[PDB]
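The chain below stands alone and is given as structure tokens, in the form deposited in one PDB entry.
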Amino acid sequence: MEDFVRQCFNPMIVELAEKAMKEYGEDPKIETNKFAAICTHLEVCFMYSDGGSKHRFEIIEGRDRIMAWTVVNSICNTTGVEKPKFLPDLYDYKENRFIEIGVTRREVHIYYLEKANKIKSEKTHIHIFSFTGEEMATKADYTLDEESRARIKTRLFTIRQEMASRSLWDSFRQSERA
């Protein structure tokens, strides 16, 4: 699994993921499924941000904490949007709302409710993806065009397929907890 991550994700993504885990006191070489989940999530976030107009999205995930909240607070101050309690993943300039992205090894609906329950904030939009082609977004508003979405969904299947061809999928798939 460690070798899989290092081969399938780019070095920038792998460095951010390694850093995030170490910040929690976890070793990417040991909690290898979490390493892969974090990389996959980061990758999805970057793809989503590249999926509309140039400049449509501000990326929040992947920034250090200080720069993250600088972006968030600056956005809230300039748009008067409500200040979220937790850092979201992106801001959508066109819709004027924060986005929370989830990638799940379980099922799209359960993860959606878990995110909803954490968020509280009425405004932050939630969009969940799975590795089996499903998606789920607040008020069935999927934000991006279906071709952008299809590229994310396809990339996640392609990850799943690679993990399975290395016999990594079964363990990965059962590693996410409520």
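Note that residue numbering begins at 1 and tracks the sequence as displayed.
Another form exists, solved in complex with a small molecule; not displayed. Remarks below refer to it.
4.5 Å heavy atom contact, residue 46 to the small molecule in the bound PDB entry: The answer is yes: residue 46 has a heavy atom within 4.5 Å of the small molecule.
Residue 59: touches the small molecule in the bound PDB entry, heavy atom cutoff 4.5 angstroms: The answer is yes: residue 59 has a heavy atom within 4.5 Å of the small molecule.
Heavy atom of residue 168 within 4.5 Å of the small molecule in the bound PDB entry: Contact with the small molecule, no.
Distance check, residue 156 to the small molecule in the bound PDB entry, heavy atom within 4.5 Å: No, residue 156 is distant from the partner.
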